[PDB]
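Everything below concerns the one structure shown next.
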Amino acid sequence: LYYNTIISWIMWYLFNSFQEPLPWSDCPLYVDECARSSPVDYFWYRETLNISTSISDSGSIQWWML
Amino acid sequence: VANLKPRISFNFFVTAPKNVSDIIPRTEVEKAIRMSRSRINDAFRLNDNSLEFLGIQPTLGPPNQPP
Ligand SMILES: *[C@@H]1O[C@H](CO)[C@@H](O[C@@H]2O[C@H](CO)[C@@H](O)[C@H](O)[C@H]2NC(C)=O)[C@H](O)[C@H]1NC(C)=O
Ligand SMILES: *[C@@H]1O[C@H](CO)[C@@H](O)[C@H](O)[C@H]1NC(C)=O
């Protein structure tokens with residue numbers, strides 16, 4: 001059940017691998033969150049996960065993730 | 001031009017042609033450098049990062065790959 005969610009994430013990163021400047025290469029013009037840490041840490045938690053701050057915080061099915 | 005260092009640093013200001021008492025305020029000099037910076041950099045094989053006007057920040061970076 002969870003190994004097929006991890007493969008779901010892998011093939012999201014494989015589809016985004018067809019851009020000379022890979023999309024986890026630069027900051028989104030620059031998001032303070034993204035400005036802190038790095039673009040990679042931003043592409044995973046925001047651009048890919050749209051992660052919350054708690055397990056008590058569930059939201060909307062991420063269409064691209066689905 | 002003042003304060004030439006081996007770092008290749010120095011300070012400059014501008015005056016009116018035939019008037020040493022007339023000093024162009026920085027704001028106008030910043031605007032002029034912003035207008036002609038592509039040309040000034042190309043005249044020195046420099047790229048804004050190599051040629052830095054402290055107090056004048058480059059703001060022309062359009063990012064776009066997948067429409
Ligand atoms: C040269 O520039 C100086 C500085 O702008 C001029 O001095 C000013 O001139 C104006 C106009 O006469 C006066 O209102 C100011 O009170 C002057 N004081 C300053 C700002 O220094 C000067 O007149 C200019 N003269 C020439 C020969 O161009
Ligand atoms: C998910 O993304 C939406 C915008 O599409 C945003 O409003 C929401 O706060 C995000 N949720 C989390 C927890 O990141």
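Per chain, numbering begins at 1; letters A, B, ... match sequence-line order. Side chains are part of it too, since the values below use all heavy atoms of this structure and drop only hydrogens, waters and symmetry mates.
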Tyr45(A), OH: over 12 other non-hydrogen atoms inside 6.0 angstrom: no

Same cluster for [X] and [Y] if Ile/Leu/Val/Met/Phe/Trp/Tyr side chains link at under 4.5 Å?
X: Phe15(A); Y: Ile10(A); value: no
X: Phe43(A); Y: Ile51(A); value: yes
X: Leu49(A); Y: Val31(A); value: no
X: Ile7(A); Y: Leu1(A); value: no
X: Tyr42(A); Y: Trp44(A); value: no

With chain A as the partner chain, list the residues of [range] whose heavy atoms fall under 4.5 Å from it, by residue number, and write 'none' if nothing qualifies.
range: residues 30-45 of chain B; result: none
range: residues 10-18 of chain B; result: none
range: residues 57-67 of chain B; result: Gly61(B), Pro63(B), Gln65(B), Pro66(B)

Side-chain donor-acceptor pairs of residues 54-65 of chain A under 3.5 Å, sequence neighbours excluded:
from	atom 1	to	atom 2	distance (Å)
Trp64(A)	NE1	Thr48(A)	O	3.3

